[PDB]
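Colleague: Protein chains in written order, with the deposited numbering: chain c, 3 to 19, 29 to 51, 64 to 98, 107 to 123, 130 to 195; chain d, 17 to 75; chain B, 425 to 484; chain e, 189 to 375; chain C, 150 to 191, 202 to 414, 427 to 586, 609 to 663, 673 to 771, 814 to 844, 853 to 872.
Here it is, the structure, as structure tokens.
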Amino acid sequence: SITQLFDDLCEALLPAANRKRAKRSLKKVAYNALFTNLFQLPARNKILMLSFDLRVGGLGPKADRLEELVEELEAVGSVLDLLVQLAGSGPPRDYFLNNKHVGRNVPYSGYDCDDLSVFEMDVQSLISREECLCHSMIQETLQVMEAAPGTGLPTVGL
Amino acid sequence: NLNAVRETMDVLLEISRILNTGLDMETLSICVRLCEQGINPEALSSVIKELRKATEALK
Amino acid sequence: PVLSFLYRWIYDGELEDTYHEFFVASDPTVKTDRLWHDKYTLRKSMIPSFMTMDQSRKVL
Amino acid sequence: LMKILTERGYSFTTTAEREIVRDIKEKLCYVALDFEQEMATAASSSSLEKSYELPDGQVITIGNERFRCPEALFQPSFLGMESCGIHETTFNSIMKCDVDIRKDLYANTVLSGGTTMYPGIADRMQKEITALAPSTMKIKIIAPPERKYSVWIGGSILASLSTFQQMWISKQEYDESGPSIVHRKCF
Amino acid sequence: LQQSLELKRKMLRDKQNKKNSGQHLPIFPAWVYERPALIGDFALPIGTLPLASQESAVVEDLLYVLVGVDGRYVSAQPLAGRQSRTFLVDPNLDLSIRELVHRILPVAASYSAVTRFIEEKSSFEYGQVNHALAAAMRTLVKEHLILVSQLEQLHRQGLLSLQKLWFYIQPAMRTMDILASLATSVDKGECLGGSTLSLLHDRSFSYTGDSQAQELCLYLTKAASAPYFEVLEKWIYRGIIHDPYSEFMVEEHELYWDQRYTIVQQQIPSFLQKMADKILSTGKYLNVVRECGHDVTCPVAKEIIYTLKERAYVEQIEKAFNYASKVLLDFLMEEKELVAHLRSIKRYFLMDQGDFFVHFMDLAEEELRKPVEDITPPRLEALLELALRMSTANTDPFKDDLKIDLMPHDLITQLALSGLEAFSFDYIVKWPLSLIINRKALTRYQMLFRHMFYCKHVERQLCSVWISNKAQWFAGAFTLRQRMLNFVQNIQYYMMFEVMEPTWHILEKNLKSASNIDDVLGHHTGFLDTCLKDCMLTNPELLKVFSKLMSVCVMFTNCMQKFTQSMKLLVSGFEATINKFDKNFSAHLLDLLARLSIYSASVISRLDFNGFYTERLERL
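Here is the structure:
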């Protein structure tokens, strides 16, 4: 039932540490924020507006995949309308990308070399993450060494 | 029926991963069971954002 | 430290100390309704001066 | 349940037996999709009775009579009630509201009743709510199988809230403007 | 240190034999501890410098001494046998700074004996509770290293001196000093299982007013409870464990009701002592149903964590008790019934059947009369099998359990023999009910059954001489037999309608009010013992008057009378024996009533029904 499903939702989003009075109080905001919208044009078309924004900034086959599933999801319509609202409130290679040295019955295409510049950015993004790691190892310890004892030790905080 | 609603849960799984939502697997299974009742889906987006803000203030 | 035992003495009737630093003492009894008449008397070297004698007897 | 059992011919006169059937009607009771189909199913073969074994030795329950006690929700005159049934009263209520606010009220229609200790009442209720409004829009009903304490859980959240203090009335205004303003300030 | 090697040899050798969940466990890599390269804790003159320069050299070397390594102006002297290693700062230093140094060196001494703890106690031999105990002390080392790094950053910029240093390191002389106290007592002696968790439970009320160290001690014992509760989360929901390190309160074996699971008493922590019996109970009741298969899953499942002043881990044991001891009870009473098996033992041994036994007495009389080395057990089995089939006592499915068994006693083993007085049954029992009702219960049943057999026997023997006499003029024996007959029937009314039949009703009402097998076995052993004590078996003197009574009654009915030697169809020599037997009978009857009088009433009050021999003589 619904009065339990607000208690289960509040459990998954919060790992246990209190957790004896606070769980009852976070179920209170579970009732209290559900009605703020309720106080104050197809459904599958709301997926297509996102599939447009995929193909605009590249990756066609992904946009073909989002529309492939929702068309077999028509044969449940109230479910997808929740997913489209939480889609901008979430978190912020391989041998096969631009290959032509493989394949059997491939038509002629000639040289392209304007996506070869987007063959170096697939790898530049990987190695720029593996340097920001080294930028997040020298910071997380110098932010503790520079400050007085109490910032990494709870006991000198007593 | 449970074979049928299993396969609908699998297809709903993939569309919620490529859209990079704030949900995970278990909270997705809760919300699909919740909207199965008839609960307004514009309403569940307003509760989850505020519940996740009030839980983050404890941490 | 002394107050910690005293707020389990009026909410659980027990002390939990081992160095005997409060006036309440527990004397072994036959446990046949002479507990009331034999067990609890004050140790008159361990009463704090922040507790008056009326308070010391009422918590007992 | 006293009435139909004593009309049936079974000896039932005492208050302790009434306490035991009140307990069994609230907790153990079977309800199904409809009373006619389960009546035919029980008449063709009897296995609907689950035994109740108390140490006192009083065994009173029978399966077929306990689902036909709340039957007044679909056809009310099985109880001998001249008041219209549950489906008919909610249909009568939504017709005498406005036709413009009808869909919005029908977007949240609510189930209640302490009889939700046994779940299964909601499925038949969902069938009757499908039958209730004409085929114009789909059903949007809130129907959880725990609603016995619904009136309680409402007040427990409502009176706690700090914003609700601006609707709550104190003694100062109450002495300044008489008692009758508790109809208006608080409502 | 040498001791560790011995502690690792004694442990593993102790582990393998103790339980069967895996034997001959591997020996941990010893070369790790042998090489001194894995041990944590370990220039210019200090004399010729001005006083402030001495202060600046000394705070520099003390910052290095905070962990175990000597810097420049400090050296390491031997560790010799001391359990808290001090350091030897560079000689020729002034006596002013020596005092400040000796204020600070106990902190490094309370770190030297924590690294020597952790970097030894992680092996397989030390169990798997010493692992997580030393990984809640391993976190503590990491915050100590945070401390020494922050101080190095301050020290380079001239922002560290002796007083600031002493101010910074004092909360860790009450959070690392605590570990330097527990370490030199956990290592000393053999400390496994719950005893370590109790040694972290007695130090939460030796600093309960201090309030800085109590929460540290509560964290330490919430992490040493983590591996123990993993094993308990096998034992509480199913009857088995597989923890081949004997670090548990329960010790498995390879043997069921008391044999396979034997408790070790120094492996139960102080917050599990009160509920130890329930833990053992739950696991045993689960495993014996796991042997008939059928179901072992518990509906409630909860993950377990320690709480001081709360129950969430000494609470779930009750909900496992109320599932395990109820599913075993349900399995027993409704599948291969113990409600019906006890009734079918009562049916024969406690003489519920009367069709069966009067048919049995007549059909088997001849062989019973035959003494030993003339008795024939297969003919007795065949006679029993016919007597069951002709009578209606065949209403129970366990009738076949009756066999022929011989007793080489005439209840003289109560603290060869003729066929009447060696007769016995052996009733076979099934395996699930064998754990509950054992050999002692059957033997006590059997002695009761033998006792009532004599009374039914001598009753038949009186009725035979009674029918043969009915001469007509003769009525001499007709009076003595009548006295004896009324007596031997009033004993069989008193025993049957006082000792046995109401107390059996009491027993079946008590069994309905019992939810654990210990309760139902207590009820049954009480009923069995008390009914035995009321009859003439289990007594401090055995009350031998009854044993002489049966002998003189059988001697009267056939072995002197010979059915009044066919004068019913000698010279009054047998009438004198009738007189003699009556006087002897009066004596025996008075003695039995007197012994009932002196030891702690209803049989006297009704044998003497209208004052019929309430007075015949007085003792002394």
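Where is the CB? At the ideal position from N, CA and C, for every residue including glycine.
1. Would you decide whether residue 411 (chain C) is buried or exposed? Buried here means 16 or more other CB atoms lie within 10 Å of its CB.
2. Let's test the definition: count the other Cβ atoms within 10 Å of the Cβ of residue 91 (chain c) and tell me whether it reaches 16, buried, or not, exposed.
3. If you scan the stretch 443 to 524 of chain C from start to end, which runs of the alpha helix (DSSP H) of 4 or more residues do you find wholly inside it?
4. Can you check whether the CB of residue 644 (chain C) is closer than 8 Å to the CB of residue 582 (chain C)?
5. Using the beta-carbon of each residue, which ones in chain C are nearer than 7 Å to residue 396 (chain B)?
6. List the residues that DSSP assigns as beta-bridge partners of residue 617 (chain C).
7. Assuming residue 397 (chain C) and residue 467 (chain C) form a contact by the criterion Cβ under 8 Å, report the distance between their Cβ atoms to the nearest whole angstrom.
8. Any C-beta of chain c sitting closer than 8 Å to the C-beta of residue 367 (chain e)?
9. Could you have a look at residue 278 (chain e) and say whether DSSP puts it in helix, strand or coil?
10. Is it buried or exposed, residue 285 (chain e), if we count other Cβ atoms within 10 angstroms and call 16 or more buried?
11. Is it buried or exposed, residue 512 (chain C), if we count other Cβ atoms within 10 angstroms and call 16 or more buried?
12. Mind checking which residues open and close the alpha helix (DSSP H) that includes residue 387 (chain C)?
13. In the DSSP assignment, find the unbroken beta strand (DSSP E) run with residue 450 (chain B) in it and report its ends.
14. Of the residues that make up the stretch 340 to 356 of chain e, which ones have a beta carbon closer than 8 Å to any beta carbon in chain c?
15. For residue 866 (chain C), which residues from the same chain have a beta carbon less than 7 Å from its beta carbon, with the 5 sequence-adjacent residues on both sides left out?
16. Is there contact here, the stretch 450 to 466 of chain B with the stretch 69 to 80 of chain c, by at least three beta-carbon pairs under 8 Å?
17. According to DSSP, is residue 248 (chain e) helix, strand or coil?
18. Hey, is residue 425 (chain B)'s beta-carbon within less than 8 Å of any beta-carbon in chain C?
19. Could you tell me the distance, in whole angstroms, from the CA atom of residue 497 (chain C) to the CA atom of residue 453 (chain C)?
20. Specify, as a first and last residue, the run of the beta strand (DSSP E) that residue 229 (chain e) falls within.
21. Could you tell me the alpha carbon to alpha carbon distance between residue 580 (chain C) and residue 635 (chain C), rounded to whole angstroms?
22. Can you tell me where the alpha helix (DSSP H) holding residue 655 (chain C) begins and where it ends?
23. Grab me the residues of residue 260 (chain C)'s own chain with a C-beta within less than 6 Å of its C-beta, minus the 5 sequence neighbours each way, in chain order.
24. Cβ of residue 438 (chain B) less than 8 Å from any chain C Cβ?
25. Can you check whether the CB of residue 48 (chain c) is closer than 8 Å to the CB of residue 58 (chain d)?
26. Does any CB atom of chain d fall closer than 8 Å to the CB of residue 180 (chain c)?
27. Could you check whether the Cβ of residue 67 (chain d) sits closer than 8 Å to any Cβ belonging to chain c?
28. Nearest by alpha-carbon distance to residue 481 (chain C): which of c:11, c:7, c:31, c:5 is it?
29. Report the neighbours of residue 364 (chain C) on chain B: residues whose CB is nearer than 8 Å to its CB, in chain order.
30. What residues match up with residue 466 (chain B) in a beta bridge as DSSP calls it?
31. From the DSSP output, read off the bridge partner residues of residue 233 (chain C).
32. At a CB-CB cut-off below 8 Å, which residues of chain d make contact with residue 220 (chain e)?
33. By DSSP's criteria, residue 181 (chain c) is part of a beta bridge. Which residues make up the other side?
34. Should residue 362 (chain C) be labelled buried (16 or more other beta-carbon atoms within 10 Å of its own) or exposed?
35. In the stretch 37 to 55 of chain d, which residues sit with their C-beta less than 9 Å from some C-beta in chain c, listed in chain order?
36. Less than 8 Å between C-beta atoms, sequence neighbours within five positions excluded: which residues of the same chain meet that for residue 324 (chain C)?
Modeller: Taking the structure as given:
1. buried
2. exposed
3. 447 to 462, 487 to 505, 509 to 519
4. yes
5. Shown here, chain B extends from 425 to 484; a query on residue 396 (chain B) therefore has no answer.
6. C:576
7. 5 Å
8. no
9. helix
10. exposed
11. buried
12. 384 to 394
13. 448 to 450
14. 341, 345, 348, 349
15. 860
16. no
17. coil
18. yes
19. 10 Å
20. Residue 229 (chain e) -> not in any beta strand (DSSP E); alpha helix (DSSP H) instead, spanning 223 to 232.
21. 16 Å
22. 632 to 662
23. 248
24. no
25. yes
26. no
27. yes
28. c:31
29. 440, 441, 442
30. B:448
31. C:248
32. Within chain d, no residue comes near residue 220 (chain e); the closest Cβ sits about 18 Å away, beyond 8 Å.
33. Answer is none; residue 181 (chain c) lacks a bridge partner.
34. buried
35. 37, 38, 39, 40, 42, 43, 44, 46, 47, 48, 49, 50, 51, 52, 53, 54, 55
36. 218, 221, 222, 263, 310
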